[PDB]
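A.B. asks: There's a structure below that I have some questions on.
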Amino acid sequence: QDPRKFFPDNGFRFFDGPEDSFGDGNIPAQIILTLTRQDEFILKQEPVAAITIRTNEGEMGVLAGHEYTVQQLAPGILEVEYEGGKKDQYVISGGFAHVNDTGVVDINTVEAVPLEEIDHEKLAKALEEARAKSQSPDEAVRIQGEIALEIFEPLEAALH
Amino acid sequence: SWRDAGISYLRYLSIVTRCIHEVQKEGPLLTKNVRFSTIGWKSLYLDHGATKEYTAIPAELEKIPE
Amino acid sequence: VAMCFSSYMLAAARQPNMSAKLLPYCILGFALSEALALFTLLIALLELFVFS
């Protein structure tokens, strides 16, 4: 026989992840952010001044050279602040924030949409839909209503 | 709560995404991203010669696998 | 004292890069915590070795 004609490359090698070092110098002046929904990024290694996440334990904020950490993202909004004083908000659907001591952010999410493409009016009907689902006694619809309200209530308070 | 009900964290994320795609305004963004929430796939396992659906895991997110 | 040191231990663990910049403030709060015990021992010496 032929001695293993094929040799498929390990696909992980195609990506170029960081080498998170313990740090033998100073800290950078601005985080290098990289936001990714399902497969495609909306932001790739952009310099940014600050970022504010919403997590299950609570609401967090980050700057350059924040302590190394990794954690969930509550289904809600995400605030970002560039060095130019402006801001950028993104509605998200869960995810995992990956902050580094070098100063780097890799927020892998499922969905990421700007606020501009959302209307409070369409959210309004979905509120009472979620409330009716929660009040409808059924394990198949109750938790679906609790989750729908879990995602509308942050938007409900972010819009107002 | 929803955790102990038997659904996974992945069904949780997909449900949240399916809810978020509803509320956002109509445009090319929604016109594309509804593809990322529509359920159209299926499962099949081959018999001796015939095709049959391995329905042990539903595609709809409200149900619970068993 | 150890509460001043403990924060350093976690800090360098949470961030080795900053272990050099936080140590002067551990030394600062340590010496300025031990100063009150120093003056208490000074009281201990003054209560006896000058009074009859």
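Ligands are numbered from 1 in the order shown, chains are lettered A, B, ... in the order of the structure tokens, and residues start at 1 in each chain.
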Compile the residues of chain A that lie within 10 Å of chain B, evaluated using only C-alpha atoms, and express the compilation as a PyMOL selection string.
C.D. replies: chain A and resi 38+75-76+91-95+109-126+139-144+146-152
A.B. asks: Would you mind exporting the chosen residues as a short mmCIF file (atom, residue, chain, number, x, y, z; two decimals), in the first residue's frame, restricted to N, CA, C and O atoms?
C.D. replies:
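Resulting contents of selection.cif:
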```cif
data_model
loop_
_atom_site.label_atom_id
_atom_site.label_comp_id
_atom_site.auth_asym_id
_atom_site.auth_seq_id
_atom_site.Cartn_x
_atom_site.Cartn_y
_atom_site.Cartn_z
N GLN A 38 -20.30 34.64 15.17
CA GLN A 38 -20.22 33.21 14.86
C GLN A 38 -18.94 32.77 14.16
O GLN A 38 -18.20 31.92 14.66
N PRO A 75 -26.63 37.92 28.40
CA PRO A 75 -27.29 38.37 27.17
C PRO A 75 -27.81 39.78 27.32
O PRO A 75 -28.86 40.01 27.93
N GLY A 76 -27.09 40.74 26.75
CA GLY A 76 -27.44 42.13 26.90
C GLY A 76 -26.68 43.02 25.95
O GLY A 76 -26.50 42.68 24.77
N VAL A 91 -25.54 45.14 20.78
CA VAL A 91 -26.35 44.10 21.38
C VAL A 91 -25.75 42.75 21.04
O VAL A 91 -25.39 42.49 19.88
N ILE A 92 -25.65 41.88 22.04
CA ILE A 92 -24.95 40.62 21.95
C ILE A 92 -25.87 39.50 22.41
O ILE A 92 -26.90 39.73 23.05
N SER A 93 -25.49 38.27 22.07
CA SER A 93 -26.20 37.06 22.48
C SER A 93 -25.17 36.13 23.10
O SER A 93 -24.63 35.25 22.44
N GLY A 94 -24.90 36.34 24.39
CA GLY A 94 -23.93 35.52 25.09
C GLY A 94 -22.54 35.62 24.49
O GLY A 94 -22.32 36.39 23.54
N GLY A 95 -21.60 34.88 25.03
CA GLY A 95 -20.24 34.88 24.52
C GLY A 95 -19.25 34.62 25.63
O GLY A 95 -19.60 34.23 26.73
N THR A 109 -18.53 35.89 20.45
CA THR A 109 -19.97 35.93 20.68
C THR A 109 -20.70 35.15 19.60
O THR A 109 -20.11 34.66 18.64
N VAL A 110 -22.02 35.04 19.78
CA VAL A 110 -22.89 34.41 18.80
C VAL A 110 -23.47 35.44 17.84
O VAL A 110 -23.54 35.20 16.64
N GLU A 111 -23.90 36.59 18.37
CA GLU A 111 -24.47 37.65 17.56
C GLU A 111 -23.97 38.98 18.08
O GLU A 111 -23.64 39.12 19.26
N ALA A 112 -23.90 39.96 17.18
CA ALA A 112 -23.41 41.29 17.52
C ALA A 112 -24.03 42.27 16.53
O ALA A 112 -23.62 42.31 15.37
N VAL A 113 -25.02 43.04 16.99
CA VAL A 113 -25.74 43.97 16.13
C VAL A 113 -25.68 45.38 16.72
O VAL A 113 -25.81 45.53 17.94
N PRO A 114 -25.49 46.44 15.92
CA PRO A 114 -25.55 47.79 16.49
C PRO A 114 -26.94 48.13 16.99
O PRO A 114 -27.94 47.51 16.63
N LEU A 115 -26.99 49.17 17.83
CA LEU A 115 -28.26 49.66 18.34
C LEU A 115 -29.09 50.33 17.25
O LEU A 115 -30.32 50.37 17.34
N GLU A 116 -28.43 50.86 16.21
CA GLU A 116 -29.12 51.65 15.20
C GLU A 116 -30.15 50.82 14.44
O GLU A 116 -31.17 51.35 13.99
N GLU A 117 -29.91 49.51 14.30
CA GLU A 117 -30.78 48.63 13.54
C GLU A 117 -31.86 47.98 14.40
O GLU A 117 -32.36 46.91 14.03
N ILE A 118 -32.20 48.58 15.54
CA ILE A 118 -33.20 48.04 16.45
C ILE A 118 -34.22 49.12 16.76
O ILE A 118 -33.87 50.29 16.94
N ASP A 119 -35.50 48.72 16.83
CA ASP A 119 -36.60 49.63 17.13
C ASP A 119 -37.26 49.20 18.43
O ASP A 119 -37.55 48.01 18.63
N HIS A 120 -37.51 50.17 19.31
CA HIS A 120 -38.19 49.88 20.57
C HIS A 120 -39.61 49.39 20.32
O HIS A 120 -40.14 48.59 21.12
N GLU A 121 -40.25 49.85 19.25
CA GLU A 121 -41.63 49.47 18.96
C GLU A 121 -41.77 47.97 18.76
O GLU A 121 -42.66 47.33 19.34
N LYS A 122 -40.89 47.38 17.95
CA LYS A 122 -40.94 45.94 17.75
C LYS A 122 -40.58 45.19 19.02
O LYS A 122 -41.10 44.09 19.25
N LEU A 123 -39.72 45.76 19.86
CA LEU A 123 -39.40 45.14 21.14
C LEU A 123 -40.60 45.16 22.08
O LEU A 123 -40.75 44.27 22.92
N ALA A 124 -41.49 46.15 21.91
CA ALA A 124 -42.59 46.33 22.85
C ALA A 124 -43.51 45.13 22.84
O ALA A 124 -43.88 44.61 23.90
N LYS A 125 -43.89 44.66 21.65
CA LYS A 125 -44.80 43.53 21.56
C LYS A 125 -44.13 42.29 22.14
O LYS A 125 -44.76 41.51 22.87
N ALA A 126 -42.84 42.13 21.87
CA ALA A 126 -42.11 40.96 22.33
C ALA A 126 -42.01 40.94 23.84
O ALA A 126 -41.89 39.86 24.42
N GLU A 139 -43.27 23.99 31.30
CA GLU A 139 -41.81 24.02 31.36
C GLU A 139 -41.21 24.32 29.99
O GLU A 139 -40.10 24.85 29.90
N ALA A 140 -41.93 23.99 28.92
CA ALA A 140 -41.45 24.24 27.57
C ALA A 140 -41.57 25.70 27.15
O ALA A 140 -40.84 26.12 26.24
N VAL A 141 -42.46 26.47 27.77
CA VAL A 141 -42.73 27.85 27.37
C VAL A 141 -42.37 28.82 28.49
O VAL A 141 -42.02 29.98 28.23
N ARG A 142 -42.42 28.35 29.74
CA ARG A 142 -42.08 29.22 30.87
C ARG A 142 -40.63 29.69 30.78
O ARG A 142 -40.35 30.89 30.88
N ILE A 143 -39.70 28.75 30.64
CA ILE A 143 -38.29 29.12 30.57
C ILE A 143 -38.00 29.91 29.31
O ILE A 143 -37.14 30.80 29.31
N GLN A 144 -38.70 29.61 28.21
CA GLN A 144 -38.54 30.41 27.00
C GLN A 144 -38.98 31.85 27.21
O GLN A 144 -38.35 32.78 26.70
N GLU A 146 -38.94 33.31 30.26
CA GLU A 146 -37.97 33.87 31.19
C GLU A 146 -36.71 34.30 30.47
O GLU A 146 -36.13 35.34 30.78
N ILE A 147 -36.35 33.59 29.40
CA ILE A 147 -35.13 33.92 28.66
C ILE A 147 -35.40 35.08 27.71
O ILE A 147 -34.56 35.98 27.55
N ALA A 148 -36.57 35.07 27.07
CA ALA A 148 -36.95 36.19 26.22
C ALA A 148 -36.99 37.49 27.02
O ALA A 148 -36.46 38.51 26.57
N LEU A 149 -37.55 37.45 28.22
CA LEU A 149 -37.51 38.61 29.09
C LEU A 149 -36.09 38.90 29.57
O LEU A 149 -35.73 40.07 29.76
N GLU A 150 -35.25 37.87 29.69
CA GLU A 150 -33.88 38.08 30.12
C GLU A 150 -33.10 38.86 29.07
O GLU A 150 -32.14 39.56 29.42
N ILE A 151 -33.50 38.75 27.81
CA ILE A 151 -32.82 39.47 26.73
C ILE A 151 -33.51 40.79 26.40
O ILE A 151 -32.85 41.71 25.90
N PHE A 152 -34.82 40.92 26.67
CA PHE A 152 -35.50 42.17 26.38
C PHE A 152 -35.30 43.20 27.49
O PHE A 152 -35.20 44.40 27.20
#
```
A.B. asks: Using only C-alpha atoms, find the residues of chain A whose closest atom to chain C is at most 7 Å away, then write them as an mmCIF file with N, CA, C and O atoms, in the first residue's frame.
C.D. replies:
```cif
data_model
loop_
_atom_site.group_PDB
_atom_site.id
_atom_site.type_symbol
_atom_site.label_atom_id
_atom_site.label_comp_id
_atom_site.auth_asym_id
_atom_site.auth_seq_id
_atom_site.Cartn_x
_atom_site.Cartn_y
_atom_site.Cartn_z
ATOM 1 N N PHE A 22 4.373 36.889 30.831
ATOM 2 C CA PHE A 22 4.213 37.386 32.191
ATOM 3 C C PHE A 22 4.545 38.867 32.305
ATOM 4 O O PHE A 22 4.170 39.499 33.299
ATOM 5 N N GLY A 23 5.241 39.428 31.319
ATOM 6 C CA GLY A 23 5.473 40.855 31.256
ATOM 7 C C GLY A 23 6.809 41.265 31.833
ATOM 8 O O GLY A 23 6.992 41.290 33.053
ATOM 9 N N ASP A 24 7.749 41.589 30.944
ATOM 10 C CA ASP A 24 9.061 42.107 31.310
ATOM 11 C C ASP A 24 9.226 43.560 30.871
ATOM 12 O O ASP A 24 10.332 43.997 30.545
ATOM 13 N N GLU A 67 -6.132 42.630 34.472
ATOM 14 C CA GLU A 67 -5.718 41.314 34.934
ATOM 15 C C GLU A 67 -6.231 40.228 33.995
ATOM 16 O O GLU A 67 -7.337 40.318 33.456
ATOM 17 N N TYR A 68 -5.401 39.206 33.795
ATOM 18 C CA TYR A 68 -5.750 38.079 32.940
ATOM 19 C C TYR A 68 -7.026 37.414 33.420
ATOM 20 O O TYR A 68 -7.112 36.986 34.575
ATOM 21 N N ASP A 101 -3.176 40.026 30.292
ATOM 22 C CA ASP A 101 -2.320 40.957 31.026
ATOM 23 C C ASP A 101 -1.519 41.849 30.089
ATOM 24 O O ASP A 101 -1.219 42.997 30.434
#
```
A.B. asks: Please identify all polymer residues within 8 Å of residue 65 in chain B, counting only C-alpha atoms, omitting same-chain residues fewer than 4 positions from it, and present them as a list in words.
C.D. replies: residues 6, 7, 56, 57 and 58 of chain B
A.B. asks: Would you please give, as a PyMOL selection string, all residues of chain B that DSSP assigns to alpha helix (DSSP H) based on the backbone?
C.D. replies: chain B and resi 9-23+28-33
A.B. asks: Show which residues sit within 9 Å of residue 84 in chain A, as a PDB file with N, CA and C atoms, in the first residue's frame. Count only C-alpha atoms, and ignore same-chain residues fewer than 3 positions away.
C.D. replies:
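Okay, this is what ended up in result_9.pdb:
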```pdb
ATOM      1  N   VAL A  48      -8.398  50.516  20.978  1.00  0.00           N
ATOM      2  CA  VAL A  48      -9.548  51.045  21.695  1.00  0.00           C
ATOM      3  C   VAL A  48      -9.077  51.451  23.085  1.00  0.00           C
ATOM      4  N   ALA A  49      -9.757  52.438  23.666  1.00  0.00           N
ATOM      5  CA  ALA A  49      -9.385  52.950  24.977  1.00  0.00           C
ATOM      6  C   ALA A  49      -9.992  52.146  26.121  1.00  0.00           C
ATOM      7  N   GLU A  81     -15.524  52.247  24.077  1.00  0.00           N
ATOM      8  CA  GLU A  81     -15.126  53.649  24.073  1.00  0.00           C
ATOM      9  C   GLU A  81     -13.745  53.748  23.450  1.00  0.00           C
ATOM     10  N   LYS A  87     -18.312  56.566  21.337  1.00  0.00           N
ATOM     11  CA  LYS A  87     -18.753  55.297  21.891  1.00  0.00           C
ATOM     12  C   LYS A  87     -19.366  54.434  20.802  1.00  0.00           C
TER      13      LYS A  87
END
```
A.B. asks: Out of chain A, which residues get strand (DSSP E) from DSSP, as a PyMOL selection string?
C.D. replies: chain A and resi 31-36+41-48+50-54+59-62+69-72+77-81+87-92+95-99+105-109+112-114
A.B. asks: Suppose we keep N, CA and C atoms; can you now write the selection as a compact mmCIF listing (two decimals), in the first residue's frame?
C.D. replies:
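Saved result, out22.txt, follows:
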```txt
# COMPACT_ATOMS: atom_id res chain seq x y z
N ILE A 31 -6.00 49.16 24.55
CA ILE A 31 -6.29 47.75 24.31
C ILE A 31 -6.40 47.49 22.81
N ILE A 32 -6.07 46.26 22.41
CA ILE A 32 -6.20 45.79 21.04
C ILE A 32 -7.40 44.85 21.02
N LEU A 33 -8.54 45.38 20.60
CA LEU A 33 -9.80 44.65 20.65
C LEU A 33 -10.02 43.86 19.37
N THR A 34 -10.68 42.71 19.52
CA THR A 34 -11.02 41.85 18.39
C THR A 34 -12.34 41.16 18.70
N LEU A 35 -13.43 41.71 18.17
CA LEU A 35 -14.76 41.17 18.38
C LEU A 35 -15.11 40.20 17.27
N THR A 36 -15.69 39.06 17.64
CA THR A 36 -16.07 38.03 16.68
C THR A 36 -17.43 37.46 17.05
N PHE A 41 -15.59 38.39 11.93
CA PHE A 41 -15.38 39.47 12.88
C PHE A 41 -16.03 40.76 12.38
N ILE A 42 -16.44 41.59 13.33
CA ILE A 42 -16.87 42.96 13.05
C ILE A 42 -15.72 43.91 13.35
N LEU A 43 -14.85 43.52 14.27
CA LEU A 43 -13.70 44.33 14.67
C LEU A 43 -12.50 43.42 14.82
N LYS A 44 -11.42 43.76 14.12
CA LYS A 44 -10.19 42.96 14.10
C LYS A 44 -9.02 43.83 14.56
N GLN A 45 -8.59 43.60 15.80
CA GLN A 45 -7.37 44.19 16.34
C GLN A 45 -7.39 45.72 16.25
N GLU A 46 -8.54 46.30 16.54
CA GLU A 46 -8.66 47.75 16.55
C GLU A 46 -8.09 48.31 17.86
N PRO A 47 -7.32 49.40 17.83
CA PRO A 47 -6.96 50.06 19.09
C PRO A 47 -8.16 50.77 19.69
N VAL A 48 -8.40 50.52 20.98
CA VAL A 48 -9.55 51.04 21.70
C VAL A 48 -9.08 51.45 23.08
N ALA A 50 -11.26 51.76 26.02
CA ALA A 50 -11.93 51.10 27.13
C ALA A 50 -13.14 50.34 26.63
N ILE A 51 -13.63 49.43 27.47
CA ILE A 51 -14.75 48.57 27.13
C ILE A 51 -15.45 48.15 28.41
N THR A 52 -16.78 48.05 28.34
CA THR A 52 -17.62 47.73 29.49
C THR A 52 -18.56 46.59 29.11
N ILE A 53 -18.42 45.48 29.82
CA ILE A 53 -19.15 44.26 29.55
C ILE A 53 -20.28 44.10 30.57
N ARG A 54 -21.22 43.22 30.24
CA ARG A 54 -22.25 42.75 31.15
C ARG A 54 -22.08 41.25 31.30
N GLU A 59 -21.75 43.66 36.11
CA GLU A 59 -21.28 44.52 35.03
C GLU A 59 -19.83 44.91 35.30
N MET A 60 -18.97 44.67 34.31
CA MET A 60 -17.53 44.87 34.47
C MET A 60 -17.02 45.91 33.48
N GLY A 61 -15.82 46.42 33.78
CA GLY A 61 -15.13 47.34 32.90
C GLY A 61 -13.67 46.97 32.82
N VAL A 62 -13.04 47.38 31.72
CA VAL A 62 -11.69 46.94 31.39
C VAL A 62 -10.89 48.11 30.82
N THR A 69 -8.02 37.33 32.54
CA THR A 69 -9.27 36.69 32.95
C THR A 69 -10.02 36.21 31.72
N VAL A 70 -11.01 35.38 31.99
CA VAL A 70 -11.88 34.80 30.98
C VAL A 70 -13.24 34.61 31.63
N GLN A 71 -14.31 35.03 30.95
CA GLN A 71 -15.62 34.81 31.57
C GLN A 71 -16.76 34.98 30.58
N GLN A 72 -17.93 34.52 31.02
CA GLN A 72 -19.16 34.59 30.26
C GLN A 72 -19.58 36.03 30.01
N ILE A 77 -26.23 44.16 26.46
CA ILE A 77 -25.53 45.17 25.67
C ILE A 77 -24.05 45.13 26.02
N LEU A 78 -23.25 45.74 25.16
CA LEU A 78 -21.82 45.86 25.37
C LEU A 78 -21.42 47.26 24.93
N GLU A 79 -20.72 47.99 25.81
CA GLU A 79 -20.31 49.35 25.53
C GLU A 79 -18.82 49.37 25.22
N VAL A 80 -18.43 50.22 24.28
CA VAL A 80 -17.03 50.36 23.89
C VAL A 80 -16.75 51.85 23.73
N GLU A 81 -15.52 52.25 24.08
CA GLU A 81 -15.13 53.65 24.07
C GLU A 81 -13.74 53.75 23.45
N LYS A 87 -18.31 56.57 21.34
CA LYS A 87 -18.75 55.30 21.89
C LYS A 87 -19.37 54.43 20.80
N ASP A 88 -19.44 53.14 21.10
CA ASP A 88 -20.06 52.16 20.21
C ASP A 88 -20.72 51.10 21.07
N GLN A 89 -22.02 50.93 20.90
CA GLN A 89 -22.79 49.93 21.62
C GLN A 89 -23.17 48.79 20.69
N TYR A 90 -23.12 47.57 21.22
CA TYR A 90 -23.48 46.37 20.46
C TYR A 90 -24.36 45.47 21.30
N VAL A 91 -25.54 45.14 20.78
CA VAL A 91 -26.35 44.10 21.38
C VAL A 91 -25.75 42.75 21.04
N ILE A 92 -25.65 41.88 22.04
CA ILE A 92 -24.95 40.62 21.95
C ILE A 92 -25.87 39.50 22.41
N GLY A 95 -21.60 34.88 25.03
CA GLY A 95 -20.24 34.88 24.52
C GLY A 95 -19.25 34.62 25.63
N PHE A 96 -17.98 34.84 25.28
CA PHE A 96 -16.86 34.64 26.19
C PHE A 96 -15.84 35.74 25.95
N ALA A 97 -15.61 36.55 26.98
CA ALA A 97 -14.58 37.57 26.96
C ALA A 97 -13.27 36.96 27.41
N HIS A 98 -12.20 37.28 26.69
CA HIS A 98 -10.86 36.76 26.93
C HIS A 98 -9.91 37.94 27.06
N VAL A 99 -9.74 38.46 28.30
CA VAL A 99 -8.86 39.58 28.57
C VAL A 99 -7.50 39.06 29.02
N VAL A 105 -8.05 41.91 23.96
CA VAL A 105 -9.42 41.48 24.23
C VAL A 105 -9.89 40.64 23.06
N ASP A 106 -10.36 39.43 23.36
CA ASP A 106 -10.95 38.55 22.35
C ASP A 106 -12.32 38.13 22.88
N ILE A 107 -13.35 38.81 22.39
CA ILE A 107 -14.72 38.60 22.83
C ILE A 107 -15.40 37.79 21.73
N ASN A 108 -15.52 36.48 21.94
CA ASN A 108 -16.17 35.61 20.98
C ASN A 108 -17.65 35.46 21.34
N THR A 109 -18.53 35.89 20.45
CA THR A 109 -19.97 35.93 20.68
C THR A 109 -20.70 35.15 19.60
N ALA A 112 -23.90 39.96 17.18
CA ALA A 112 -23.41 41.29 17.52
C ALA A 112 -24.03 42.27 16.53
N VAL A 113 -25.02 43.04 16.99
CA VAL A 113 -25.74 43.97 16.13
C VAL A 113 -25.68 45.38 16.72
N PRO A 114 -25.49 46.44 15.92
CA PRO A 114 -25.55 47.79 16.49
C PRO A 114 -26.94 48.13 16.99
```
A.B. asks: In Å, with one decimal, what is the gap from CA of residue 53 in chain B to CA of residue 11 in chain B?
C.D. replies: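 CA of residue 11 in chain B lies at a distance of 20.8 Å from CA of residue 53 in chain B.
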